[PDB]
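Cβ atoms come from the backbone with ideal geometry, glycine included; neighbour counts cover every protein chain shown. Derivation of every value follows stated rules applied to the coordinates shown; laboratory data play no part.
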Amino acid sequence: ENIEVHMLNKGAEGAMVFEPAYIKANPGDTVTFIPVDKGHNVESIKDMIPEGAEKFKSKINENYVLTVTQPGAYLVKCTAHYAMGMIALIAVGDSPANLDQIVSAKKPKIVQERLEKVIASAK
Ligand SMILES: [Cu+2]
């Protein structure tokens with residue numbers, strides 16, 4: 001199945017967001033990132049994707065289709081706006097083994113604040 005995500009300058013949670021920011025999927029699904037506003041892209045964060053998954057980075061303003069294979073949690077960012085909180089959590093399969101690790105990992109405060117909301121207020 002396919003899940004569409006919009007990359008925006010302003011959305012329900014504030015400035016620079018992915019909508020939705022919480023994506024549930026299964027091995028084999030695709031996630032399509034659509035740059036509704038310009039200046040955005042998607043990139044996997046180091047140490048924040050499952051063991052065995054390949055890292056990825058799309059070009060700015062391009063539509064990007066990510067195929068997810070490995071189960072686990074993935075924290076992705078917009079390269080340009082990571083420090084402004086622009087992230088999404090993907091979640092492949094049930095009880096992703098690396099979720100608690102990603103929540104504990106070092107990252108900007110604003111990012112941590114949004115992650116915590118997406119896990120609570122979206123689960
Ligand atoms: Cu961005």
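Here is a list of conditions, (1) of a type in the set (A, V, I, L, M); (2) closer than 20 Å to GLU4 by Cα; (3) not in a helix (DSSP H, G or I), and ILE119 meets all of them except one; can you say which number that is?
So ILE119 meets the others, but not (3).
Looking at (1) within 16 Å of the ligand (Cβ to nearest atom); (2) under 13 Å from the mean Cα position of the chain (by Cα); (3) at negative phi, which is the only condition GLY11 fails?
(2)
List every residue pair whose Cβ atoms sit under 8 Å apart, with the two residues 6 or more apart in sequence or on different chains, where the first one lies in the stretch 92-108 and is closer than 20 Å to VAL68 by Cα and the second, anywhere, is among the acidic types (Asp, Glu) and surrounded by 13 or more Cβ atoms within 10 Å (Cβ to Cβ).
Pairs found: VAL92/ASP29.
For the stretch 69-80: of the residues being closer than 15 Å to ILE45 by Cα and not hydroxyl-bearing (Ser, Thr, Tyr), which is farthest from the ligand (Cβ to nearest atom)?
Let us first name the residues in the stretch 69-80 that are closer than 15 Å to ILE45 by Cα, namely 72-80.
From what's left, not hydroxyl-bearing (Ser, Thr, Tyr): 72-73, 75-78, 80.
Working: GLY72: 24, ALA73: 21, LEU75: 15, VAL76: 11, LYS77: 8, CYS78: 3, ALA80: 5 Å.
Within the stretch 69-80, the match that is farthest from the ligand (Cβ to nearest atom) is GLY72.
Check whether at least one residue in the stretch 54-63 is in contact (Cβ under 8 Å) with a residue 40 or more places away in the chain and within 14 Å of the chain's Cα centre (by Cα), and report yes or no.
Let us first name the residues in the stretch 54-63 that are in contact (Cβ under 8 Å) with a residue 40 or more places away in the chain, namely none.
No, there is no match, as no residue in the stretch 54-63 is in contact (Cβ under 8 Å) with a residue 40 or more places away in the chain and within 14 Å of the chain's Cα centre (by Cα).
Looking only at the stretch 82-117, which residues are of a type in the set (A, V, I, L, M), away from the ligand (no atom under 16 Å from the Cβ) and surrounded by fewer than 19 Cβ atoms within 10 Å (Cβ to Cβ)?
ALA97, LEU99, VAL103, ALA105
Could you pull out every one of the strands (runs of 3 or more DSSP E) wholly within the stretch 1-69 that has 2 or more residues that are under 13 Å from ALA80 (Cβ atoms)?
Qualifying strands (runs of 3 or more DSSP E): 2-11, 14-19.
Tally the residues that are under 13 Å from the mean Cα position of the chain (by Cα) and closer than 17 Å to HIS81 by Cα, restricting the search to the stretch 97-111.
Qualifying residue count, the stretch 97-111: 1.
Working only within the stretch 14-58, note down all residues that are away from the ligand (no atom under 13 Å from the Cβ), among the aliphatic types (A, V, I, L, M) and within 21 Å of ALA120 (Cβ to Cβ).
Listed by number, the residues that qualify are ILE23, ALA25, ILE45, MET48.
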